[PDB]
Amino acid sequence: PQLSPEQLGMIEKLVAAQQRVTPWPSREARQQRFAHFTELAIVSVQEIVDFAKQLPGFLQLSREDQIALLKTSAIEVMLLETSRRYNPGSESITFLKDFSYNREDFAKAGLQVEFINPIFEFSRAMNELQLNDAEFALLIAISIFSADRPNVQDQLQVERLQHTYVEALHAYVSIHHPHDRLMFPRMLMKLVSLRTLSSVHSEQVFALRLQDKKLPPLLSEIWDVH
C-alpha cells in the first residue's frame, strides 16, 4: 500500500494542527492537587476540540454527532497523549513541558490504584512501540471517528471517515517500518486496550461520587451520568 499525495498532505496537516493553572503544592492541599489535575484535563478538552475541528470530514457531520464522538473519545485521546509524554527512565509523565508526575503524584491528585496501574502499564506498552507524531495524530483521529460510540446518528459516514485514516496509517507505517509488517496492527491493537481503560475511568468517575469529590462543569458534562 503506497502513500498517495492526498494521504500525505492530510497527515502533515494533522501533525501541524498538534504543534494559567492552579500551582502544584492537609485536607486543603488534597483538594488543590485535584484542582490542578482537573484543570489540566480542561486544557486538554480545549485542545482535543481544536484538533478535531481540523480533521477532514469532522465539521461536515452534525454538531450532535460531533458532541457524540468527542464525549466518549476525549479520555482515549487523553490516554494516548499521556502515553506520548511517558518517560521510561524516571517512570513518570510530563504535563506542560516541565513537571514530571509519577504513580504517587497521580495518587496525591485523587486517583484510585485501580485506575493508576492500568494507565502506567498502557503507557509503558506504548513506549515500546516508539510512535511518531504522525502515528500518534492518526491514532487519535481513528479513536475520535469510532462508529460504535453511544448516540451516533450517521454511523456509516463516521465509519467511512475512520477507514481513510486507517489506510493512511497503513501506508505511512509501510514507509516508517518497511521490514516490520506487524507494526501497523500493533498500533490498532492499542485501540482495543483504550476501551478497557475508558471503562476503568468510568469506575473512577463513579468513585468520586462516593467520596463527594465534584468534577468541574466541563469535565462533569462529558463524564458524569446525570
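In this text, rigid core is short for the largest set of C-alphas that superpose within 1.5 Å between two forms. Note that residue numbering follows the sequence shown and begins at 1.
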property	result
RMS CA shift, core-fitted in 5 other deposited structures of this protein, bigger for 76-84 or for 96-104	96-104
Check: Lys213 without coordinates in a third or more of other entries	no
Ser44 coordinate gap across at least a third of other entries	no
Where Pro25 meets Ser26 in the shown sequence, the number of deposited residues left unmodelled	4 to 9
Deposited residues lacking coordinates between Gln211 and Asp212 (none, 1 to 3, 4 to 9, 10 or more)	none
Given 8-16 and 201-209, the range whose Cα B-factors average higher in the PDB entry	201-209
Mean C-alpha temperature factor, higher of 86-94 and 148-156	86-94
Selection from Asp105, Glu121, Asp133, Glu76 [criterion: highest C-alpha temperature factor in the record]	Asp105
Largest Cα B-factor, entry values, listed residues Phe184, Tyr165, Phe37, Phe51	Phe37
CA B-factor placement of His176, once the chain's modelled residues are sorted into thirds	middle
Position of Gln66 among the chain's modelled residues by C-alpha B-factor, lowest, middle or highest third	lowest
Chain-relative CA temperature factor third for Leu111	highest
CA B-factor placement of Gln46, once the chain's modelled residues are sorted into thirds	middle
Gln60 - Cα temperature factor, lowest/middle/highest third of chain	lowest
